[PDB]
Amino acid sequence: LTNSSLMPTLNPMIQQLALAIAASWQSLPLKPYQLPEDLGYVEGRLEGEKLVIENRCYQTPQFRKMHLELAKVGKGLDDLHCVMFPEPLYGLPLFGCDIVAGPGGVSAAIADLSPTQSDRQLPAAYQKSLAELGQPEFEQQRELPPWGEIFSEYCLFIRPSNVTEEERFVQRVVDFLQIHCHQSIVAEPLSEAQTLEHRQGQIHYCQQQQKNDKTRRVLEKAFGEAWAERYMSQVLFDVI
């Protein structure tokens, strides 16, 4: 992240989360993943503020697509988006997070390990490791929208109330990533029917994430409807 244009000007929580994700991935058997049009940096404006986005994306044998995206709208909204899309053959859940901030602080902090099984449960080993973290206390919980049925029972969706809660959230993301990267070492290739089940779950996850009109409006205000539809369906939440 040393070379990032956006990092020095992002919200401090976002900065720490970007660092923690990058550190998680740094020593993995990474290969490039080329986004559409080999996208890296992009900016756009229409009648209002400009939107700037920086994209990084990788893959490993266990992770189809590892996407870390940083964005800023003018000087007033920052975003961090990250999804680790699993290779269905290994049946791992989806790591994701979305952190939205403005000059007044973080408004939204979401993180999850989301299921891909048809029973909508995480694998047993994840259930047990996540439970062992304890129920975190957060003073300003937010209720997921209906499309957020995709998220696990461990999903976080808060407005951090103070620095202690910002740090607690970051630590929980670090703990999610640690669990995930360990479970990826012990995963074995699954049967064809199980692989297919997991593929289905990933497709459903992406179709539901595309219902987030808050994200879509940010994109539309800077680039228009057609660009935003392409970005959400081809860059952010591609349907395999």
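Each residue number is its position in the shown sequence, starting from 1.
**Student:** When the C-alpha temperature factors are averaged for each of 142-150 and 120-128, which stretch ends up with the higher value in the entry?
**Tutor:** Higher of the two, by average CA B-factor, is 120-128.
**Student:** Using only C-alpha atoms and the B-factors in the entry, which stretch averages higher, 191-199 or 170-178?
**Tutor:** Here the higher of the two C-alpha B-factor means belongs to 191-199.
**Student:** Comparing against every modelled residue in the chain, figure out the third that the C-alpha B-factor of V163 lands in (lowest, middle or highest).
**Tutor:** CA B-factor rank for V163: highest third.
**Student:** Against its chain's modelled residues, does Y33's Cα B factor rank lowest, middle or highest third?
**Tutor:** It falls in the top third of the chain.
**Student:** Quick check on the deposited entry: does the C-alpha B-factor of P103 sit in the lowest, middle or highest third of its chain?
**Tutor:** Highest third.
**Student:** Is the Cα B-factor recorded for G96 in the lowest, middle or highest third of its chain?
**Tutor:** Within its chain, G96 is a lowest-third residue by C-alpha B-factor, going by the deposited values.
**Student:** Can you work out whether the C-alpha temperature factor of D213 puts it in the lowest, middle or highest third of the chain?
**Tutor:** As the PDB entry reports it, the C-alpha B-factor of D213 lands in the middle third of its chain.
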